[PDB]
Structures are given as C-alpha cells and as structure tokens.
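# structure of the sequence below:
(9 chains)
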Amino acid sequence: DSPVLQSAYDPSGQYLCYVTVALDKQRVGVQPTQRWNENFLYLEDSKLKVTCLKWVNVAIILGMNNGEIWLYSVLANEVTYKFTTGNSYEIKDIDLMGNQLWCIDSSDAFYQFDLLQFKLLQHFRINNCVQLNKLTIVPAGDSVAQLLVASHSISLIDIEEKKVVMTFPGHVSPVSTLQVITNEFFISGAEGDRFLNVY
Amino acid sequence: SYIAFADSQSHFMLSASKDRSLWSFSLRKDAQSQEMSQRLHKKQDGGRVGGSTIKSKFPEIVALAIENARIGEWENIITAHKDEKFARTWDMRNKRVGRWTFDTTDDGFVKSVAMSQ
Amino acid sequence: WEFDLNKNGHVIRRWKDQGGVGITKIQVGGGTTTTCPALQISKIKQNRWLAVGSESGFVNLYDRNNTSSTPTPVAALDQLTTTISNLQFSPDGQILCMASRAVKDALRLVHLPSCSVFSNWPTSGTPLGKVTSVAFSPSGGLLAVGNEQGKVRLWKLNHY
Amino acid sequence: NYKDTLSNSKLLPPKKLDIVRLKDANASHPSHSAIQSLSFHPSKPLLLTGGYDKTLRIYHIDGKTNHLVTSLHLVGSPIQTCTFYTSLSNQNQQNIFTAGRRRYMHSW
Amino acid sequence: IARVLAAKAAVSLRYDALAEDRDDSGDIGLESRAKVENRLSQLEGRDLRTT
Amino acid sequence: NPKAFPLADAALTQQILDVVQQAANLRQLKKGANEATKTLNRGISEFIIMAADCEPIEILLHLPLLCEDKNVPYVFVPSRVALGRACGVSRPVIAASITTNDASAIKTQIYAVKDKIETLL
Amino acid sequence: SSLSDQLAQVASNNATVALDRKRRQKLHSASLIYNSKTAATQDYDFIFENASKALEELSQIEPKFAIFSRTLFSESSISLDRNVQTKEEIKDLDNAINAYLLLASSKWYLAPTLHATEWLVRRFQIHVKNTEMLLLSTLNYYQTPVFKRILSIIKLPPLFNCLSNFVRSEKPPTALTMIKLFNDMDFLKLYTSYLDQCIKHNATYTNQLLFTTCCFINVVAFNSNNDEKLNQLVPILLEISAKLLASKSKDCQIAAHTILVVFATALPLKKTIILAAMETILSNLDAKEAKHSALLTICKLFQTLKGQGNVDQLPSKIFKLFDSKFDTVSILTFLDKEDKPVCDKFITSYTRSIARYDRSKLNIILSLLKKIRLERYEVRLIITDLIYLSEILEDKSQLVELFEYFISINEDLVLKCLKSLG
Amino acid sequence: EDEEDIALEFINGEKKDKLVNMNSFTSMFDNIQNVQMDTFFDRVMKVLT
RNA sequence: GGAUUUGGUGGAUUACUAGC
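Residues are numbered from 1 along each chain as shown, chains lettered A, B, ... in the order given. Provided below are the atomic coordinates:
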C-alpha cells in the first residue's frame, strides 16, 4: 500500500492535490507539480474520511463518508461552503461540468447540485442499480443529457427520462475508473484487474 | 466466487462467496447442505494463537483445490485468500478448518493451489 | 525536593513519600510535560497527578491539586511485582501506564481518578515482551511500546 | 438500550478500555538493538526510536504503513534516551536531544 | 478460627497487660471481636458441596 | 509516640532498612511480632526492629522487654510501611528480626548496624 | 421419549392421588409440628382442632385471619379433598391459599402460625401443590428453624434447585446461596410477581423489604463486572422500584431508594431515566424519613451522570416538583451539615434551574454557593448563565452581588466568561 | 481560548468515587435483623462512600 | 486472554412430488 489514500491532478496538470493520514486524522494537501507547502486542511474528526476528490475550475470538491460534500479553497486553507444531502450515506463518486454537480450515496441515490446557487436541485433513485461505485457524466454539448454509471457492470441512464438506456458487460470486480476517452468510446477499469475495456 | 465438485458423484458441492463464507451444497437434497466451520484447532506446539480477539470471518477464497484419495485421514483441501500470504486447510469429512497453514515463504500472496492425486 | 528554577533553584517544599523505600522513578500528570508539551504560553497547565515508582513495584499516587511535609497517597498500586521502569500519564491525565523491564508483559494501564487497573487489556496473548519504552501521542490516543527485541508495537485508544 | 453512548461522553469507562492494535512502527525498518526511548512529535505525526544501535530512527506513524522518514547513526554514541524539542516561543524551531553513557550530548 | 482468635487474643492481651493508661473499656477487644466474627461469617458461608 | 524509645533518627533509618532488605534477600529475616518474639525465645536473633507508628502501639511493646532480658539490641523505625516494603512484602510490618549467622555473606554490615543500635541504646 | 420418562411425568401429576397405604403414609407423614411416626399416628380432626385454636390466636393478633375460618378453617373443610375437585374449584381453593400465605408471612416467628399452617399442609397438601408460594413467603426466614423443616418435607421446584444441597441438612441455607438463587434471571421474574402481589395488598413488611433490597443489591455486586447481564437487570429490577415507590408505605419507598442508588453507581444510565427516576421518587414522597433518604438518593443519581448536560438545568416541571417537596431552607440545612455527600453537579443543575425560572430566589443562590464549593466548570457555567441574566433581566442588588461574589473568588475566570460572552 | 480547554478542565475536575465490588454488601446479611431500615440505608451509603 | 473436559439441541448418517 501507499501513504497517499487518494490523489488527483488538476485539469491543467500543474498542481496535485493529495490526502494522507496524520496519526488518526486525515490531512489534505496541495503541491505544485511544476517546479514546499506546509499547509494542510486537517479533518478534526477521526471518523471523517474523504471518499471523493475533484478539482474545480479554483476549489476542490471533497466528498466524505459523513454524507456531505465540501468545497475547499486552497489559499484560504478553509472550506468555503458545505453541501449536505438529506441522508448520511457516504458519497461514492462525484463529477462536475461548470455549475452542474452530481453525486451518489451508499443508498444508491442520485443528487444534483448547483455551485452558483448553493442548492440541491433534485434527487432520485433508478431501479436495476443495486450498487454504484462510479458516476461519470457524458460530455455532450453544454448540458448533461445522459450519465454513465458502473458498479460491476456499466449502465447508461437518461436524466429527464430517469431510466437506463444501455448496459455494458463490465468487470467481475468493482469498477474503479470510468473515464470517457472520446465520444462513443469510454474506458473502464476495475479493482484488482489487469484489463481495461473500451466500450 | 468459486465452486467445486466434492466427489466423483454429484452429491456435494463446495462453494465460496464474497461474504467470506464457504458452504457445502448438496444437489441430491437441500437439507444435506451445510456450512463448514471456521473454529481453529488447538496448535500442536502449545503457544497462544495470534489473532484478533473479536472473531472475524476468513477473507474471500480466490482459489480452492479438492481431493478425496485421502478423505477422513487428515486435511484434504487448500484455499487461497485475497491479499494474504498463506493457505488454509479444510477437512470435508470434519467440515471444519484444518490444523495446517501453508505460507509462500517468499513474501508473496498466494495465487495458485493444487493437489497431488 | 521541590526547587524553583525561576528563583535560582531554591528549595520551596520538602516532603517524603509515605511508605517509600527503594524508589525508582517519579512522574507528574494532568498538565503540560515532556510527553504533553505546550505550543504557546496560554496552553501552560499544572499537573494534578504524581506517581512514585519503586523496586518492589509499588506505585504511590498523590493528588497535587490537594501542602504538608507528609502527604497521604490516594492509592498504592501493587499489581506489578518488579521494579517500575516506565511511568507515564495520558496527555489528559486520565490514564497512568506503569511498566517494568524485569519480566515479560509487565505493563499495566491505570484508570484515573478511580485508580483502578483495566482488566480486559493487557491479555496473556498481548505481545509486549521486555517492555522498555512507552510513549503517548499528544493527540489521537495512540500508544507505542518498545521492547528489548527492538519491536515498537502500536495501539489506538478508541475513546480518543 | 439502557447504556449511555460513550461517544458523547469524554470520560472514559472506569474498567473497560476500547483499544485496537495497529501496524508496528519498526516493521518498515527494524532496529538491531532494543528501543531504549520513544518520543512523539508535539505537532507533526512522527515517532523517534533510539537505542544501543547508536541509530536515531524516525518513523511517520500513520497506523497502516508507518514508513521511516529518516535515520541518523551516531558512532560511539549509545542512545540511552532521546527526545523532541520545540521552542515554546518560536514554533518554527525544532531540535532533537539524545544522550547515553557518555560525558557528551548531541543536538540535531 | 482458633488460629485467628489466638492472633487477636495476643493483640488484645499485649494492650491489656502493658498499656500504661488503658481505659477499662475493652475497645481493642471489641473491635478485634468484630474482625473475627467477620472472619467466621465468610468462612462458614463457604459451601464445599456443589449447588 | 513517646513509648517508642529509642527511635532511630532519619540517618540511621536508611542503614537499618538497607540491612533488612538484603537480609530478606538472603532469607535471614523474620517478619511479624510473634515470629520476632519466637526468635528471641531461642536467642538466635541478632537484633529486632520495630515500627513506632503502630496503633495500638502496645502490641509490639512486649518485644523490647524480652530484648533487655536477653540483652539483645532493639530499635524503633518511624514508618511501618517502609519496614514492610523493605522486608519485601505487600503488607505493613511492625517488627522484624535477624538471625545470628556468622557465615552470612552480609556478616560485617549486620555487626556494623547493631554497633550503632547498642550505641543508640 | 422413553417409557419411563413419560411414566415419570404421570407419577408427578398424581403425586397426591393418595393411591395406596404406602403412598398415604408418605403424604400424611409430612408435618410441621410432629415427627413422622407421630404424624402418621394422627388423624385429620385432631389436626383441625389445634389449627382452629391456632387461627383464633392469630385472629386476636390480626383480624383479617378470621375470614379464613369461613372458607379454609371451617369445620366442613375436613371432608374437602383437592383430588376430587375440578379445575374451576381448584383455582378458587388455590387463590384462598395464596392469600393466607401472604398474611402468614409476617407472623412465622409466632408459634400459632406454624400450627395453623399444619392444617393446610395436611388437608390440602400445600407443600406439594403450592410449593412455590410457600417458599416465596418464607425466604427471609432462611436461617430460622422453621425454614429447614420446610425443605425436608417438600420437593424443590426447578427454580429452587440451589437449595437441594441443604434439604435434610444440619446446616441452614447460608447467606451466599440466597444470592445464587437470586442471580437467576427467571427467579427474579417469579419473585417480581410475588412482591407485586404484596404491594397491591399492602402486605409487605420490613423483614421482606430489607431482605429483598439486601439480596437485590448483592445481585448487582456479583454481576458488576459483566455489562451485558447488568443491561438485562435493568428492564426488570428498575420496574421493581417503580412499584415500591408507588406503595404508600414509606418502608417500600426507601427500599426502592437503596435499589436505585446502587444501580446508577454500578451502571451509568441515561439522564432521561434519571430525570424520570426522581420524578417518580418525588411523586409519592410524603414521609419525613423517605424525604431524607430521597434527597440523598437524588444527589447520587446525578453523581453517576457523566454526559453533556451533567450539570444542565432541571426541566421546568422537574424544577417545580423538587422545590415543593424540598423547600430551599431544607437544602440549605442539607448544605449546612458537614458530613454531606458530594452533590456539586446536582446543586449546579439546581442553581441554573433557579436561574432560568425563579427571579426571587437569586439571593439564595449566593448562600448556596458559599455553603458548597462548586467545581470550577460548575462555577464557569453558573457564571455563563448569570451573564445572560444581566443582559436580559434588570440589574438587581442580589444579581450584582452574585457577580461580586464571583469577583471575590477567582477573579480571572470571571473575566474569561465575560470575554467569551460579551 | 478553545472549547477543548473547557473539556479538559471538566475532565480534571472530576474526582474519584469508591467503586462497588462483589464483596461490598455481603456483610449486610450478617446484621440483617431487627434494624431500622433508615439505618440500613445510611450504612449502605457509608459502604458506598 | 489461553488450555482441558462436558450436558443439551439442530442438520445429515437412504434419491428432495404437500398436510390430515
């Protein structure tokens, strides 16, 4: 294993944000990849843990086990605002386009958020999705008309029609990465697997 | 996660799942199906076993091997566990964990388990 | 002996450990100390506890908040039968750990202020060996114990 | 349930102790002598070990990996005791003091 | 109780015999009598036979 | 504690316990008043030690009276708990005794201490 | 099951059928006055003659016994056999026997009861049929010479198996085995009904209660180490006290008070249970002696509290009840006595309770604080609320004086509270 | 200042109490008879204290 | 926390088509 629990480059690739455990408390730090920062956000609760980390174009969205989402400004070294869903289930994945923000809970519940308005727009659950370890929203135009979900297999869902569109045969193990390389071509990877499927 | 045929006949099956469980399932009659126990035998040396006081179920079985040439005389089974450096034994007749634990001795995870006839 | 280092180390108080003989170590707890150093002046706090080790294994506890030439000990712990080699209090001063390097697993945790030794832990199977060093995290309730075999074993107190 | 949730209470139970073992600090880099002294950093998540191996081994205790930050061997300087130090006024100042059965002491 | 009583008897006696200013009250005997009665009560309370 | 007499000063109380703890290590030490009383009956006791803080003190005040009769040195120490821990036991002790053993490895010290005790007497 | 096992069940069912001479010798031989040989020599009427006189002496001591002369100790009861009756008739007979044992519970020391009960044993065979009822009445007499005789002539039920050793034994049942019988969960359920019947009937007496509370307490001590079984002792044993507190007899109320205190120290419990506990404690609190015992208890129940709100104010209804049953002058007298127990957090909850609800009572708070040293947090929180009062309430000579008292003692902490609040 | 200072202050303020063991109320059976129950409760408190 | 012994019950010890 590695000390770094989770890490993520910024879209420009010039800064890397990483989380590590100090004693029993997780600390979040950012470093300049291109070239030291001694400042880390310290999670005051041992129970609290980061499940998801996402850069924003200049805050990083951190989903916790607690069931709430954290918008963190690196310079102020403080969390600007706290997105909290009604439930307490841990957030499993997070994705963004501009103001749009979509997250998933251990209850398999979808939620839509607006960064500008600071509001929960909608929440719903689609049948035939027992587990959901990955959320990815397809880059179509400037609006989110479809979303890709995978737990062990992969499923495509429509937001307005709120039902699945197409299902792919995924890996035996849980899906770990679900990036969309191009249009009609997205890569999939799973925990403890040597193989990546292009679908 | 894994399945195996216990005997030359179709009487008893060996099954493992992600719930950290190994079961004996009988096609012939459901009532015959039973779950093997994970109560550990007392070691021969006489020292205390090293493990958590809270009883926890053994990790998932990636691989399993069966033989019946020597059923009833000692352990006839090997299983491999995820992210784990030794192999545990089972006795189909006793339906209980064996008294032998088998290590790779090279700081590597177990990936393959096999039996001589 | 009590010396005031801010007044040229002049003796300010003298008293004897009741039943004291073959004393080995002394420690204070409940405030700032080497194990629980402060980060600023305002954080400075006084220790409310004091333990006195001995070769016999007796550990006499004294309530510092409550002065006499002869103070009575609140409790006289005697679970360990060997010389006390490590005496240390939790950063909050709620727990006292007494250890001896003479015999194996000679480690005991004492609840304060009850002065009652915990029973569930340590156990026969708890690996401690020749205990020779003990450390408490300033925060997080982590415990490190070193042995003559060079192994430092770590534990976490779920209360903290 | 007639038992109070101990999570809310900051006073630990008198007789029952809730403790869990974690990975050993010295597993990453074993020590060839006993552990004479141990010390936790006032702020940082670091552990120091010293002994008659004459080596000052420092470990980053995370509880899961506990990798070794750095090591310092002091030839002819047995380590009977070692400790961290931070100036109470200057938080930036950090120093390490180690000593043994010698008429000298080392500061780092 | 014979062993225990004899031990307390010596304690009471050495007070009776040698005390320079003994009060004729028997207080040391009374408190000693209390201890042995407590010793008897717990001792007789024990039952060898399994219940 | 006027009855306890002579009572060793602070200085002497170190050495008396120092011989006691070693004599315990060599199984040369008898602890308890009656056992000390028993030793005096045989005249095998080099000298007797007593705790002045015992209450009621009279229970040990019979030991001196034998020692004068048998010409045995005796002394009082202030603290009983110190005596008991010095003896090497988990209980307070009021009285202790040392055998006459000229072959003991701690021999010279025992003669040394009583030379002060007789001097203190 | 083997034929013998089913056959054995038949034997137990027809134990009192009085089948032949050999059985009838055993049934009649059982006695509480006379030995076996003489007992077999006697007839029913001679037994009835003595019992009838025995009841009359009891009637003089206590009138309620005279009722049983009409139903159990009647002349025509001699011809009444239980084996011939139907179930509807038996329960009515049983119920009458149940009541008689309750009244006889407190007069076992008196000789006439032992003679009067002989008729019940000989005529209706209470010892074999109403075996449990008889023992539950005579448990506190375990060391008495009567009790050992009970064991000899009777077959222990399953729950009383601990006493099997001492049946027909020279030594009486020892103190320890009483605890062992009580440790069993089922027996407490059985006795729970028995004490429940006495409370309804006002038949309880001091020897029972003091024997119960003192056995019930010992169950806690034996079972202190293991938390889970203590948790099982809460749904039953606390229910006992609530019933005892409901009894108008002061004897029962204090008996409950001894029970509550030991549980809390043994097992920390919710403030909600504690707040409910005092409220029931205070609901039926009339006697002076219980009033003294209750106030000690109420402090202890808070002494065990070690959670947020440990010193928070009592609720409004809770505050009103306490002052009505304990005037302020009463607690001042409570605070005056030097041997007072620790009540720092109870008083702290009280001072805040006064602070929130009563404007007149502030000047007593000053006296209350002087009498008892409050711990520095209890001081801090009291300082904290009093700061709000100044902002909200009009400034008063007492109110500033309460500040001035805090000015005199620990000046720095007063500024700290002011610094944090204003 | 900080809240955790207040918390640690609360911790240090708390003081010891005499815990109840198995053999604390066993002698109660000994003096069990012809005793006023108020005295019984007072003596139970004594043992508790 | 470890070890020894033991009581009881549950499922099989015959190939799974409903009860009375």
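# the closest residue to chain F within the stretch 201-350 of chain G sits in which helix or strand?
In the stretch 201-350 of chain G, the residue found nearest to chain F is residue G:225; the distance is 23.1 Å by Cβ to the nearest Cβ. Using the backbone N, CA and C atoms, a C-beta is placed for each residue, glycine as well. No secondary structure element spans residue G:225, as it lies outside all helices and strands (assigned by DSSP states H and E).
# swap in residue G:60?
With DSSP H and E as the criterion, the answer for residue G:60 is helix G:44-61.
# returning to that earlier point: mind checking how far the residue of the stretch 201-350 of chain G closest to chain F is from RNA strand I?
Spatial separation of residue G:225 from RNA strand I under the definition Cβ to the nearest atom of the strand, to the nearest Å is 12 Å.
# repeat for residue G:305
Going from residue G:305 to RNA strand I by Cβ to the nearest atom of the strand gives 28 Å.
# wait, what's in contact with the closest residue to that residue other than its chain neighbours?
Computed as Cβ to Cβ, 6 or more residues apart in numbering or on different chains, the closest residue to residue G:305 that is not its neighbour in sequence is residue G:271, at 5.7 Å. For residue G:271, the contacting residues are G:305, G:307, G:309, taking Cβ atoms under 8 Å, 6 or more residues apart in numbering or on different chains as the criterion.
# residues in contact with the residue of the stretch 201-350 of chain G closest to chain F?
Under the criterion of Cβ under 8 Å, 6+ apart, the contact list for residue G:225 reads C:119, D:15, H:22.
# got the residues of chain G near chain D?
With Cβ under 8 Å from any Cβ of the partner chain as the criterion, chain G meets chain D at residues G:225, G:227, G:231, G:234-235, G:267-270, G:273, G:306-308.
# would CSV of those with secondary structure be doable?
CSV is the format used below for those (DSSP: H, G, I helix; E, B strand; the rest coil):
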residue, secondary structure
G:225, coil
G:227, helix
G:231, helix
G:234, helix
G:235, helix
G:267, coil
G:268, coil
G:269, coil
G:270, coil
G:273, helix
G:306, coil
G:307, coil
G:308, coil
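# pick out the residue of chain B closest to chain G.
Closest residue of chain B to chain G, Cβ to the nearest Cβ: residue B:54 (15.1 Å).
# now do the SS call for that residue.
Remark: residue B:54 carries the secondary structure label coil [criterion: three-state DSSP].
# please tell me how far it sits from residue G:229.
For residue B:54, the distance to residue G:229 under the criterion Cβ to Cβ, to the nearest Å works out to 20 Å.
# between the two, point out the one with more neighbours.
Neighbours per residue (other Cβ atoms under 10 Å in any protein chain shown) separate residue B:54 from residue G:229, with residue G:229 holding more: 14 against 6.
# I'd say that one and residue G:222 touch.
No. With contact defined as Cβ atoms under 8 Å, residue G:229 and residue G:222 do not form a contacting pair (9.8 Å).
# find the nearest non-adjacent residue to the residue of chain H found nearest RNA strand I, please.
Taking Cβ to the nearest atom of the strand as the measure, chain H has residue H:22 as its residue closest to RNA strand I, at 16.7 Å. The spatial neighbour of residue H:22 that comes closest, neighbours along the chain excluded (Cβ to Cβ, 6+ apart), is residue G:221 at 4.9 Å.
# kindly report the same for residue A:101.
Ranked by Cβ to Cβ, 6+ apart and with sequence neighbours excluded, the top spatial neighbour of residue A:101 is residue A:113, at 4.0 Å.
# contacting residues around the one you found?
For residue A:113, the set of contacting residues under the criterion of Cβ under 8 Å, 6+ apart consists of A:69, A:83, A:100-103, A:119-121.
# what do you get if the cut-off is 7 Å, keeping everything else the same?
If a contact means Cβ atoms under 7 Å, 6 or more residues apart in numbering or on different chains, then residue A:113 has A:83, A:101, A:120-121 as its contacts.
# which one of those residues sits closest to chain H?
In terms of Cβ to the nearest Cβ, no member of the contacts of residue A:113 lies closer to chain H than residue A:83, at 25.4 Å.
# surely residue C:89 and residue C:48 touch.
No. At 9.7 Å, residue C:89 does not count as touching residue C:48 under the criterion of Cβ atoms under 7 Å.
# if you count what's nearby, which of those two comes out ahead?
residue C:89 (26 against 21).
# run through the bridge partners of the more buried one.
Residue C:89 has these beta-bridge partners by DSSP bridges: residue C:96.
# residue G:38 versus that one, what's the distance?
Note on residue C:89: its distance to residue G:38, by Cβ to Cβ, is 75 Å.
# identify the residue nearest residue G:414 in space, chain neighbours excluded?
residue G:406 (4.9 Å).
# and if you look at residue C:133?
Nearest residue to residue C:133, sequence neighbours excluded (Cβ to Cβ, 6+ apart): residue C:146, at 3.8 Å.
# about what we covered before: the residue of chain H closest to RNA strand I: neighbouring residues, count only.
14.
# which ones are touching it?
With contact set as Cβ under 7 Å, 6+ apart, residue H:22 has these partners: G:221-222, G:224.
# wait, residue G:31 sits on residue G:39?
Yes. With contact defined as Cβ under 7 Å, residue G:31 and residue G:39 form a contacting pair (3.9 Å).
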